[PDB]
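Let me begin by presenting the structure, written as structure tokens, before commenting on it.
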Amino acid sequence: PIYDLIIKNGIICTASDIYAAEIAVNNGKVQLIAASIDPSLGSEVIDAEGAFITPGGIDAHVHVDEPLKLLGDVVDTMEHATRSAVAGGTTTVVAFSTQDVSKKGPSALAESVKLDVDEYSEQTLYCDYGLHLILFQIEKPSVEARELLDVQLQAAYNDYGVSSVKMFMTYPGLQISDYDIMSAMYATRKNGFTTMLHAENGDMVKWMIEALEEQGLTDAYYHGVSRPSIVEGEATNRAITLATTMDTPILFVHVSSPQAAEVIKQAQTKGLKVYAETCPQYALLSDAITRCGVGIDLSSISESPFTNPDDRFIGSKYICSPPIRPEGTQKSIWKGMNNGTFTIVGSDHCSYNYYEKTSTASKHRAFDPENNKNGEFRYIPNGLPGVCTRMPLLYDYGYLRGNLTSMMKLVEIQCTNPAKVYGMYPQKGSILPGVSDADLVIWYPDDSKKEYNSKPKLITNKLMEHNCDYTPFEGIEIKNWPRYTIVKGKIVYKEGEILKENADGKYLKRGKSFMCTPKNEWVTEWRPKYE
Amino acid sequence: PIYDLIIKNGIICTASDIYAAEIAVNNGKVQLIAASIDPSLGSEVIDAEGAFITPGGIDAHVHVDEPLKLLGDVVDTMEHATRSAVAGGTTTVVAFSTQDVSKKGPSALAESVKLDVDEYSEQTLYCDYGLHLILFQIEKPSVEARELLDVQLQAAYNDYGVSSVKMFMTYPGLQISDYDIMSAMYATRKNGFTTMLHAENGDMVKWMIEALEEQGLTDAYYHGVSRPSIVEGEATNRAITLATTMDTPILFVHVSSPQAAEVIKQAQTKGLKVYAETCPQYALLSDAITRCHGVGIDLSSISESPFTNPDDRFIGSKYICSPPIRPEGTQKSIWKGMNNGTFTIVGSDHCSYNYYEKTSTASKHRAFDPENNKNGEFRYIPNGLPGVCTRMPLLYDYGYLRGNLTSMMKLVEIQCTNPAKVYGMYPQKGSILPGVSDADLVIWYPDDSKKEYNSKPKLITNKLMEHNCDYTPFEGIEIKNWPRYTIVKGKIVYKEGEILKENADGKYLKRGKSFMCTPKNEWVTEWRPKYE
Amino acid sequence: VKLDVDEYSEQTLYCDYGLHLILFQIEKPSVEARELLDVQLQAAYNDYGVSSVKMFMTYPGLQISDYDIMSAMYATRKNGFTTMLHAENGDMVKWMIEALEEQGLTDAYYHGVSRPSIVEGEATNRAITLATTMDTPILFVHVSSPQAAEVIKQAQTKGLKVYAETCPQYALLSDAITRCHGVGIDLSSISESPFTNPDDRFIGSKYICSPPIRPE
Ligand SMILES: [Zn+2]
Ligand SMILES: [Zn+2]
Ligand SMILES: [Zn+2]
Ligand SMILES: [Zn+2]
Ligand SMILES: [Zn+2]
């Protein structure tokens, strides 16, 4: 035969089309779309049985255990995260490279990337992965700062194809001043890098945590209270102003505040290059889960404060940043996903155990009496596992339950826009013959009366195929799951089973995004020297 | 001879993708997309030479000469308009069926459509056409009338596949009350019809025209003055409020006011099903062209205008349309809306009247009729511009090449794919889907080439338009790309300046219900329609 | 005006009173009718010191077209009159009442349902647009809709001469008082209401006004 793989009787969904057609795959790539393909022409034939075929999901916000241990010890290696990704229909993940301050000179940031790539090259990878760079130490004064940083960015791009930079406006040790952000924007704009911001006002968070602790308000629920939506709103507004002054395209990660969505929308309406990412948990969960159809029925989730009232620390399972918001906020997230405010959807995947209390990668790391830590929300490692559930949750609660307008919108935000915004397009994100890596998901049929013993009814930890001991969505009904996950032409997941022999993931060098070229629009007559 | 046509070496553009690949066509349809296709497998092979291949354009706002003569006599028949469309890369047009008030009962609206279908059936059609229905007579009161109107829409859909209804909030004889619009929305929502509105406050326009004439301010330029953008803003806002109360998806046609774009954006942000169409002339022209003495067209480069011909005081009539072409500084807001999602689609509002013959019922000089107490006042000037041909090339050049649109993908989205989806022609039309798409395709000229193409036009001329009109508003302007091939249902109907009439085989198009026009199921109060 | 002044002149008056003029019949077309209407306002001012005119965008027999309002605004601006509008979309109200009655939804509570705040919002917006084109100061009477208050605030921020009046009942009462069982009054403390008298199905009529008392 001339093709490795033929997918028959399925319905292709892209970011702009839904139609019945067939796909031939060969040499790791999509080779052909036609009405019908002779099954004798392929080595293997998949009958999709009327089900949707989507491109593979691309999750550009995944945190894995890394050598510098910026987020302390995380339970998932790149092996575990990619295994979990694939079991949930995600076929490319992008994690984070931490700036190593012990390195200096022109190669300092390339060297930081090198630590991760070398660490993961020894692991079994189930799909491809790329890396963002995290920046938290910027040299001063500005004119030097912006100029040696330019040579460093070039080096990280040229050596390793890193084309995105992540910065924080919160967290002690990560938070940077506006002055430093401007210096970074100067460098990133010049190099066509994708600039990413975590926008929460760090000073406000800090002051409010101290005020709460002073009153002894330290339980998990007070994490949300310490940082209301207005704080994310202000920081996003400030970040947009900085972006505008610097004419730099900007992406906001894990947006969860209505105020932030408002200012983001205003900028987009003006035509400024402001992009945003949200996460399923911000659409599906409310802060009531932290103590005791549009959203998840919270009472159906198992092993939570509702089911286990005696366990006072179980709210830590749902502690993340920014926090899961109070009731009534979640509808504005779906609206933003539909109306164009959220360009992409990521998971903010960050895993810590709950059912073992002793390891450096536990939530119970918050209890360290000898280190003056007694379980206060401050000391709870922030994050939820979400890389596996991201796609199914959107399929079900988004498409099937009517909260997203169509499958085309689902594909756009989960697959195609992540590729475009992070320089993996067109290799990744669509179904383009002779161009696309054959990264594909075949779902189960929706209107069928046929029985599929392998199709899960509920989300369980075992289904996640990860290294964590819990999932926040444990016990909830899920109405579809990937039936096949195809990565670079090969079936790596089939009907509940991971096929390890077919794991062949590699580090991905990325290009410059075409979405992140500058508008060439300025507030004043000032222009950067290089213009 | 497995395939009728193979397009090689081209770059496929869709609403969501741009990539180099090749296309096989057979039996009027796209058959295959692959990296490379053996040229011996096709009867005819086209070498695209690195140029973009786009789906054919779909222009869902075209006015053709029709038997009831609602807009008086128009110069273009369906033959002429489809010929012109095809020369400009448009491969599907949707015109308008006028409600015939002489016909009564359940079949009254189907019978109105039948008048047009029968008339055009005798003409040579260069591409497919569909029809919208125009409604201006609604029976009163509301409840008592609901049974028949609903029954009438069903019959227009069942017999002829008409699934869109057009209404006016301005013009004497077309304007309808809010009460009647609600009655229509009740019927259209129930039938999943696409509901279209021309939103200008008719009472304000009427009052201000009378005020201007009373002062003797009657020249063509005062057409714009009679209806400033705030009038279009008010009516749009009112129509949104009606659609919200009625939970009815709504499309606004030819939008040109910033205030209208604003209220439209706010509704969309809220998640309401509000769609909008704009036209090239609102992005490219300003009202200075309506009298003498970078984002758009250099107005001084247009030939046969008030600038070039100051003596001819009536020449402003060439650029008179509804809503009017707006003052300088408005046009940026149009592009912005095209990029930021406010404008779902782009149409031409094609409506053709001669300027260089003064005698005929289809002239602009119809405004001069001393006997009928008409003396050239803007009031009496027939409204409209020819635009079906230049719509696609103008967007390609001024939109994509000149940077006013973000990408070729956005161009295809608004010009081709969204019009198909919103008017129930999807997936048959609007994209490049193997085994599914009618092979309606445009091959452009290459952009970065030093090669010379003697057939590629440098300027827009009237001859280039291949229409029945004696003028085009964009005469004399530089155009930086043009369709090199227009393929309609697998056949080359236009190649390098030439129309191939032997390959003309256009048909009336029955349309489905749009998937974008299902209701949100969101209400302002506890009230629900009886049928819910 | 003379009809009212003469009628009240015979009564005992405990304080002073003035009069607004209510307009519901405007001559058409606008240009032809101008000198008379301007001449008529002058006479009402000169003879009786009436300097304010009230118009309705709702109610059968009172509702007037936008065309007619512009005619009036032309005359009022020229004469420095205070121009007052009752802003509800009359066509929407009419259509929705007929819709509710066809379902048999006729109880006093459905008065509010027949005319939700978005109807007052639309009409106010339309009236402001008319005022703007006519450069005529405008006052909105008995405003009770958030949407109307929003568009009124935007106009004032722009510096347009848009004024507004509200009423205590719109601050103090919610439409739960219009049918049988905060910053306003404890509704359970009101006597002889649907709450105290559930048997009396018509007692909601005590709180029926226009625009209606709004939801909580
Ligand atoms: Zn973060
Ligand atoms: Zn993160
Ligand atoms: Zn129109
Ligand atoms: Zn039109
Ligand atoms: Zn009143």
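Each chain gets a letter, A, B and so on, in the order the sequences are listed, and its residues count up from 1. Reckoned from all heavy atoms, side chains included, excluding hydrogens, waters and symmetry mates.
With no hydrogens or angles considered, a side-chain donor-acceptor pair links C/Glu98 and B/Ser142 at under 3.5 Å.
With a 4.5 Å cut-off on side-chain heavy atoms, B/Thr245 and C/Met96 count as touching. With a 4.5 Å cut-off on side-chain heavy atoms, C/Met134 and B/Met204 do not count as touching. Counting heavy atoms from C-beta outward, B/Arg238 and C/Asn89 have side chains that approach closer than 4.5 Å.
In this structure, no portion of B/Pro228 lies under 4.5 Å from any heavy atom of chain C. Using a 4.5 Å cut-off between heavy atoms, B/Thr244 touches chain C through its side chain atoms alone. With a threshold of 4.5 angstrom between heavy atoms, B/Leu242 approaches chain C through its backbone and through its side chain.
Within 6.0 Å of atom NZ in C/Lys161, 12 or fewer heavy atoms from other residues, nucleotides or ligands are found, so the atom counts as exposed in its surroundings. Within 6.0 Å of CD on C/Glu35 lie no more than 12 heavy atoms contributed by other residues, nucleotides or ligands. In the displayed structure, C/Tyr45 atom OH is contacted under 6.0 Å by at most 12 heavy atoms of other residues, nucleotides or ligands.
Contact count versus chain C (heavy atoms, under 4.5 Å) is highest, among B/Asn237, B/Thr241, B/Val524, for B/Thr241. Among B/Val231, B/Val205, B/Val143, the residue making the largest number of heavy-atom pairs under 4.5 Å with chain C is B/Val143.
Panel note: side chain B/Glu214, backbone C/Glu32; no donor-acceptor pair is recorded below 3.5 Å.
Here the closest non-hydrogen pair linking B/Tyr179 and C/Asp91 is N-OD2, 3.3 Å.
Using cut-offs of 30° and 60° for the angle between ring planes, the B/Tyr186 and C/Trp95 rings count as tilted.
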